[PDB]
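Asker: Following this message is one structure expressed as structure tokens.
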Amino acid sequence: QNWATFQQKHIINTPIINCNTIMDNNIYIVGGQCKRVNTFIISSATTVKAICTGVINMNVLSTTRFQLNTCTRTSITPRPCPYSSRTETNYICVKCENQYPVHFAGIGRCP
């Protein structure tokens, strides 16, 4: 991956109720129709860069709360995929390469 394209990876800081117009790009689609969970994170990419600071390859997890903005593919009002936006505490597991979060490990619970 890269720091610029990853800038979108964790920092899709869009305070609007339109998760499609913000993710309108070939970098946000799977092999079917739309993604089941377009989880975005609302926070400065550098604060996330501090929690992933350790070595040139590791696994860390934001235990405090990096406030996430998740648009989950639910149902009703298909356009064609309906999304329910909900913001809350972000306890997630990030991965660090080159010391910057180059990959997302997934949810908070990590090994």
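These residue numbers are counts, starting from 1, taken along the chain as shown.
Structure determined by solution NMR.
The backbone N, Cα and C atoms fix where each Cβ goes, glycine too.
For reference, Swiss-Prot lists these features for the protein:
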| type | residues | note |
| --- | --- | --- |
| ACT_SITE | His10 | active site, proton acceptor |
| DISULFID | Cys19-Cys71 | disulfide bond |
| DISULFID | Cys34-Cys81 | disulfide bond |
| BINDING | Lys35, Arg36, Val37, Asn38, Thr39 | substrate binding site |
| DISULFID | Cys52-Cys96 | disulfide bond |
| DISULFID | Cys93-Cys110 | disulfide bond |
| ACT_SITE | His103 | active site, proton donor |
Asker: Compare the Cα of the residue listed as 'active site, proton acceptor' against each of the recorded positions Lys35, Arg36, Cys71, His103 and report the nearest.
Answerer: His103
Asker: Just checking: which of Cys34, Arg36, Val37, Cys71, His103 have a Cα that is within 10 Å of the Cα of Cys96 (disulfide bond), counting only these recorded positions?
Answerer: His103
Asker: Other residues with Cβ within 8 Å of the Cβ centroid of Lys35, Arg36, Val37, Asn38, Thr39 at the substrate site?
Answerer: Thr70, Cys71, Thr72, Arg73
Asker: Counting all other Cβ atoms within 10 Å across every protein chain shown, which of the disulfide-bonded residues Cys93, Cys110 scores highest?
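Answerer: Counting every other Cβ within 10 Å of each candidate, the maximum falls on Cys93.
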Asker: Just give me the nearest neighbour of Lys35 (substrate binding site) among the disulfide-bonded residues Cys52, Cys93, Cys110, Cα to Cα.
Answerer: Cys93
Asker: So what sits near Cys19 (disulfide bond) in its own chain, CB-to-CB under 8 Å and at least six residues off in sequence?
Answerer: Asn38, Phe40, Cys71, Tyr83, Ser85
Asker: When the Cα-Cα distance from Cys93 (disulfide bond) is computed for each of the recorded positions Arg36, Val37, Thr39, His103, which gives the smallest value?
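Answerer: Spatially nearest to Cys93 (disulfide bond) by Cα position is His103.
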Asker: C-alpha of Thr39 (substrate binding site) to C-alpha of the residue listed as 'active site, proton donor': distance in Å?
Answerer: 14
Asker: If you measure from the Cα of the residue listed as 'active site, proton donor', which of the disulfide-bonded residues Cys34, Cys52, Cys110 is the nearest?
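Answerer: For the residue listed as 'active site, proton donor', the closest Cα among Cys34, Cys52, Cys110 is found at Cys52.
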Asker: What does DSSP say about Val37 (substrate binding site): helix, strand or coil?
Answerer: strand
Asker: Of all the recorded positions given, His10, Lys35, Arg36, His103, which has the fewest Cβ neighbours within 10 Å once its own Cβ is left out?
Answerer: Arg36
